[PDB]
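[1] when you get a sec, could you give me coordinates for this:
(chains A, B, C, D and E, ligands or ions: 1)
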Amino acid sequence: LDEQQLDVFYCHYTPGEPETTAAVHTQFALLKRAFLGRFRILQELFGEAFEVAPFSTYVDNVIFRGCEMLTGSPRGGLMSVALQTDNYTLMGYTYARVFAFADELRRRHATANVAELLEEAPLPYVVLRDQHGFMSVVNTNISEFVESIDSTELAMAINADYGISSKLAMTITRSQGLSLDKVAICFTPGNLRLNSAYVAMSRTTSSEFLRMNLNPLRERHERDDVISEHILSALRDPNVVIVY
Amino acid sequence: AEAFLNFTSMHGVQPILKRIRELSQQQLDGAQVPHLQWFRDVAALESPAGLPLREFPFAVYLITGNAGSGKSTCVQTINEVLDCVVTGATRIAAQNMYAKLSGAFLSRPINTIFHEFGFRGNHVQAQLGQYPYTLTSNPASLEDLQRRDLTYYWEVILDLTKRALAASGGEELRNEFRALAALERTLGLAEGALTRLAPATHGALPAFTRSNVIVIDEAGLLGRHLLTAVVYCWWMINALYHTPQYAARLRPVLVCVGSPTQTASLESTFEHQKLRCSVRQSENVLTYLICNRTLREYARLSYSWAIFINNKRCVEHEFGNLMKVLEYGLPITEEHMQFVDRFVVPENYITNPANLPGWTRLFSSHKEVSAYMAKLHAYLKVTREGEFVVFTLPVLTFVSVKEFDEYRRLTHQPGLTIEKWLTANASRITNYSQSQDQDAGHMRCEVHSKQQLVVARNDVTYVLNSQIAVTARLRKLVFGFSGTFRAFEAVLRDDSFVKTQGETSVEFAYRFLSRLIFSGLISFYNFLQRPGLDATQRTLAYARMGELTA
Amino acid sequence: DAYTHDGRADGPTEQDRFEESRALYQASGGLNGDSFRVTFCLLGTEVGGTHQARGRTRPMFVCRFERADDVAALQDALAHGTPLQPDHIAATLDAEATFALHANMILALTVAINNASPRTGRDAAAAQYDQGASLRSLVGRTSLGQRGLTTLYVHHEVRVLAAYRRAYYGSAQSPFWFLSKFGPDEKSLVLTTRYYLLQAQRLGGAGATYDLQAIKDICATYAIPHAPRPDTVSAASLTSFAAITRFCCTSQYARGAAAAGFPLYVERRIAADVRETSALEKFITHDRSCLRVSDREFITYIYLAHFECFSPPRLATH
Amino acid sequence: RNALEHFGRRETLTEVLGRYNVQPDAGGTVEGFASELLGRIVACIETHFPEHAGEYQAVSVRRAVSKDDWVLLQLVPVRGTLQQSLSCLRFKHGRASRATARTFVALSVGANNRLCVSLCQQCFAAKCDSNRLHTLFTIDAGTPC
DNA sequence: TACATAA
Ligand SMILES: [Zn+2]
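    Numbers count the residues shown, from 1 in each chain, chains lettered A, B, ... in the order given. I have put the structure below:
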């Protein structure tokens, strides 16, 4: 290669530690300006080949060995709360120890036995990539189970899992609060109700992606029209507002 | 376009706003406002048999309509115009409503109604309904229904009242609002000129002391006994602090949004002597209001009902007609039966993971979902299409021996195998209902001594590079990577990423992206080392980069 | 926005208010007049009042510009977009007008400071002050003006900031939020902002109970043709408010007849839409009332009538 | 009228059938079309119901119901398959209570100017219903346009 | 058959 084979800008620039809000803003602005200038230059130089090239920037040294993520220390990175409405992609598991997660587990739970039993044999944390593409380690799902009998409450069980669900197969009742694109229903004859069928086929905006194992209208179904009658009687009430 | 899609949904909401404004300003009489002595007497009880016949005034407004028909715009207008408290039945609904409101103009963080009226962690595992109650008056009055709903919810209601009256520091009445009122009386100022600034100075006050209009989204996914408890809690929360709305004799107005047809609630009970769980269907709040005669006459539901029709999602003729037939309970003809025949497909076709790749399968049981997931994982392992490798992870439950000893002493049960109890109670230890759909292997049990614990360990099978959802809070930490340069520049140019975080982490968040920008260099030559790019263009890039650096 | 106080009790016609307001924004950006009274205001809802719709903006302080230098600086700020230096605001600050606003809040903060415990029962020999005398003396010894506010800021800066950041909720927003909500077009970014944030509550017409999207949709049909400006704004410049301020203040839609006739058109359009909507709704309701017809045909009629009344072609024509 | 002007005209069964040179009347054309289509039906039933294989080795088609939009034909096993009555393909019924399930082929229009052929069964067992017709699967047949 | 709330 040539003499400037390592982007000699590294040897001429020293990104010192930040300071108060104004200094943080100035350092971030200058680093962003330099990065944007380099991106603009290399975009003008090549074009689409540069735009879609793989990009991978991590705070520390990160190795992907098969399905496992190896890193020395997970120091550096903002904290956040994972939303149930956000879509994540499973990327793997890591055995890196995060001090904040362990301290939070110690603090939130009054049961120290679970705490140091998990400490001695730690579960791997799960790495997920958001829609934008930000890798994040997520804390393990830890649940308490306190049983109340008559007037006695006993902290009985403590469960430890990962709290992640796949949108590939679900029950009909669970799907009543969701919107899907392609649906393949599997009814069970004998206990079929028209309400369940209505909920199941109401999940798709179009009928081009709907499938079932039986015709719910040609079988024996349970009909309970007590609410539909009231709603229809409400549509004939002059005092009820109707919005199109 | 976008202008005529809101014409009919922006001129038809003004009557709703006027009616809610008129409902939310009505003043009660001095003899109907619940006093603090009511809740003090309630907290000093042992069984819900001494509860007297008292009425808690309230008003409702119904906003019902199909999914996607545009009730969210009505809630947006209500939030922008009125001074209301927007809540949600679940966390998903609350997050969706917060996203919509914050994307429209502006919104505070949105919490569930259970967090609003003080539902704590222990109240999750209460035995809902153990003291029998029989209606006395025929037809039933409002007081009888309220007493029945309080008797059903006795454990949670009693715990809430006890905690609320005990967190007052003894007989010392809460002085968050009383001192301001005393200063108003002493200084000779207008009423409410100083007390209404209390929410500004104190940040721990509940939202029920701020407004009397409570918007409940997805009200169909709630038990009917939550129609009274909320109201009860409201009065309690407004009786302790002597809120200015309580001094003005104002009633709570519950605006319920939801679809009464394709949404229902369930009630579960556990028989310990049989180690059994029984689940049945019950009435939600919407059905409670619409069907009950007493509530219909009391709340004047004819003048407080807004039905949203027309669907922005359905775009097919026959499918729309079938949906209308199913929703309103119209008679089913033979043409509908002939139409639905298009989608029939053999069961083995659906259950086989090979056919219909990437489709979501709805079953009627958890065992079927688990079996299909196991079959899909086995098929993916052998007939691999690539880019997804199936792996397994450990999961474990800890059981305390002393608590189990107390449980067995209380509940007779001379023998109780760990495996049998954990199998029977597998639907309650977890905190989310999808734990029964997970592919799990052989369940192992061991006894860990010097901790006096029992460890139940198992393995759960996951697929790499799959789209999944996190059904919990599960605080996370980001540590880099952006996929492609275009996405990196998109996230760098926009500051919305900083705004998505709370307004306390901005400084070190900016620090984090600064160090990400620093560490994002190098390896550009690997991109330059792509096969057969150029020779002189590399030197031109060298010169341009050096000039920019200089 | 600029307005003049009215003394004539007779209700002005639509053609009178337009000419009155157009005479304010002359063809130089700067408002006419020799003396100005400006209320500097921020986002936040006003509490303690009762109106048709809750307030969207809360005043922060009040200044008066009467001297030649101050008037020139104010005209330069309002015309081109040069920021006002703190020296001018400090010199022109109207003390009693601005501190009549921060009078109840200072009292509330003082009460919150001293709410540890009012024992006032030390007895002793000379320390037997009355149960209500200590509070009376402490309240009467607090200056509800500059001195009390500066003392509270010096001693309890963190809590004072936390309390002021709650009554003025939403006052701290980035320029990108303003560009995304009220934008993106220049005409919208100027007119919709000025009307929704400032003039909607003051005028209090029929448009005071419409959300932001409705006002933007109404403004969409306000088709004053154009006047292509030389340059526009771009990204990487929304870090500071200077760019957006210079863009908005020098716009064609911020002065003249373009900005003098928007609220009138809003009222006209709202009335024109309501006139047809109410009649159609009355027709549909009356036909709904009796209609002794079966359920299937009733649903058919309902959907057919609602489609025939407000079909997309008919909406486009209207 | 609004549906016609908005979603477009939908072809009737007669024109779609004539596109395959098959007329709903005259009887013989429909049975010949069913004889041609039977190969796909037996292929699908072999693929998804392997236990019931020899029952459909030799079958004959007889018209059952003719309508403007829905045509139902009966599949009789040429009176030469030993088992006079075909078994139910949904459940395994009792030994004594023989599942005398009658099998039908249903022709309809369905999708956009295409043709839909479905397999239907009527089982006189107490578990299913009797008097009721159950659709087992629907396979697209539109290809030789 | 079967779901939510806790944080
Ligand atoms: Zn059968």
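[2] quick one: the strands in the stretch 451-550 of chain B, in order.
    B:453-463, B:467-470, B:475-478, B:483-484 (DSSP state E, counting those that start in this stretch).
[3] and whichever residue of chain A sits closest to the ion, what element?
    Closest to the ion within chain A is residue A:189: 10.4 Å, counting by C-beta to the ion. For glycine as for every other residue, the C-beta is placed from the backbone atoms N, C-alpha and C. Here residue A:189 sits in a region with no helix or strand, counting by DSSP states H and E.
[4] list the contacts for it?
    Applying C-beta atoms under 8 Å, 6 or more residues apart in numbering or on different chains, we find residue A:189 in contact with A:214, A:219, D:90.
[5] contact partners for the residue nearest to residue C:182 when sequence neighbours are not counted?
    In this structure, residue C:182 finds its nearest non-sequential neighbour in residue C:193, 4.5 Å apart by C-beta to C-beta, 6 or more residues apart in numbering or on different chains. Residues near residue C:193 by C-beta under 8 Å, 6+ apart: C:178, C:182, C:248.
[6] highest neighbour count among the residues you listed?
    residue C:182 (22 neighbours; other C-beta atoms under 10 Å in any protein chain shown).
[7] look up phi and psi at it.
    phi -90, psi -10 (degrees, to the nearest 10).
[8] wait, doesn't it sit right on residue C:194?
    No: if you go by C-beta atoms under 8 Å, residue C:182 and residue C:194 don't touch, sitting 9.4 Å apart.
[9] picking up where we left off before, how near is the residue of chain A closest to the ion to DNA strand E?
    As for residue A:189, its distance to DNA strand E is 11 Å (criterion: C-beta to the nearest atom of the strand, to the nearest Å).
[10] quick check: phi and psi on that residue?
    Dihedral angles for residue A:189 - degrees, to the nearest 10 - are phi -70, psi 150.
[11] how about the stretch 201-318 of chain C: which residue is closest to DNA strand E?
    Closest to DNA strand E within the stretch 201-318 of chain C is residue C:295: 26.4 Å, counting by C-beta to the nearest atom of the strand.
[12] run a quick neighbour tally on the closest residue to that residue other than its chain neighbours.
    Spatial nearest neighbour of residue C:295, chain neighbours left out: residue A:232 (5.7 Å); criterion: C-beta to C-beta, 6+ apart. As a burial measure, residue A:232 scores 16 neighbours (other C-beta under 10 Å).
[13] what's the longest helix in the chain?
    Just so you know, I chose chain A. Ranked by residue count under DSSP state H, the longest helix found in chain A is helix A:21-45.
[14] I was thinking of chain D, sorry if that wasn't clear
    In chain D, with assignment by DSSP H, the single longest helix is helix D:28-48.
[15] follow-up on the earlier one: chain A: which of the strands of the stretch 451-550 of chain B is closest?
    With C-beta to the nearest C-beta as the criterion, chain A lies closest to strand B:483-484 of the strands of the stretch 451-550 of chain B, at 3.5 Å.
[16] quick one: strands adjacent to that closest one?
    Strands that pair with strand B:483-484, judged by DSSP bridges, come out as strand A:54-55 (antiparallel).
[17] contacts only, for the most centrally placed residue in chain D.
    Central residue of chain D (C-alpha atoms, centre = their mean): residue D:105, 1.1 Å from the mean position. Applying C-beta under 8 Å, 6+ apart, we find residue D:105 in contact with D:34, D:37, D:41, D:61, D:72, D:73, D:75, D:117, D:118, D:119, D:120.
[18] wait, is the fifth one part of a strand?
    Yes: judged by DSSP: H, G, I helix; E, B strand; the rest coil, residue D:72 forms part of a strand.
[19] ok, now which ones touch it?
    D:64, D:65, D:104, D:105, D:106, D:107, D:120.
[20] the fifth one: how many residues sit nearby?
    For residue D:106, the number of neighbouring residues by other C-beta under 10 Å comes to 20.
[21] ok, now how distant is it from residue D:20?
    Residue D:106 is 16 Å from residue D:20, where distance means C-beta to C-beta, to the nearest Å.
[22] next: residue A:223.
    Taken as C-beta to C-beta, the span from residue A:223 to residue D:20 is 39 Å.
[23] looking at these two, which has the bigger crowd around it?
    Neighbour tally, residue A:223 and residue D:20, criterion other C-beta under 10 Å: the higher count belongs to residue D:20, 16 against 10.
[24] is it correct that that one is in contact with residue D:33?
    Yes: with contact defined as C-beta under 8 Å, residue D:20 counts as touching residue D:33 (6.3 Å).
[25] wait, which of the contacts of residue D:72 is closest to the ion?
    residue D:120 (12.4 Å).
[26] which residues does the closest one bridge with?
    Following DSSP bridges, residue D:120 is listed with bridge partners residue D:104, residue D:135.
[27] what's the neighbour count on it?
    Count around residue D:120 with other C-beta under 10 Å applied: 23.
[28] does it touch residue D:135 like I think?
    Yes: using C-beta under 8 Å, residue D:120 is in contact with residue D:135, at 5.3 Å.
[29] quick one: common contacting residues for these two?
    With C-beta under 8 Å, 6+ apart, residue D:120 and residue D:135 have common neighbours residue D:106.
[30] you'd agree residue D:132 is in a helix?
    No: remark: residue D:132 does not belong to a helix; assigned using three-state DSSP, it is coil.
[31] if we can go back for a sec, who touches the residue nearest to residue C:295 in this structure?
    B:328, B:329, C:295, C:298, C:299.
[32] where along the stretch 151-300 of chain C do the strands fall?
    So, for the stretch 151-300 of chain C - with DSSP E, counting those that start in this stretch - there are no strands.
[33] chain A too?
    Along chain A, counting by DSSP state E, strands occupy A:54-55, A:62-65, A:68-71, A:79-81, A:88-94, A:125-129, A:135-138, A:141-149, A:152-161, A:164-166, A:169-171, A:183-185, A:210-211, A:241-243.
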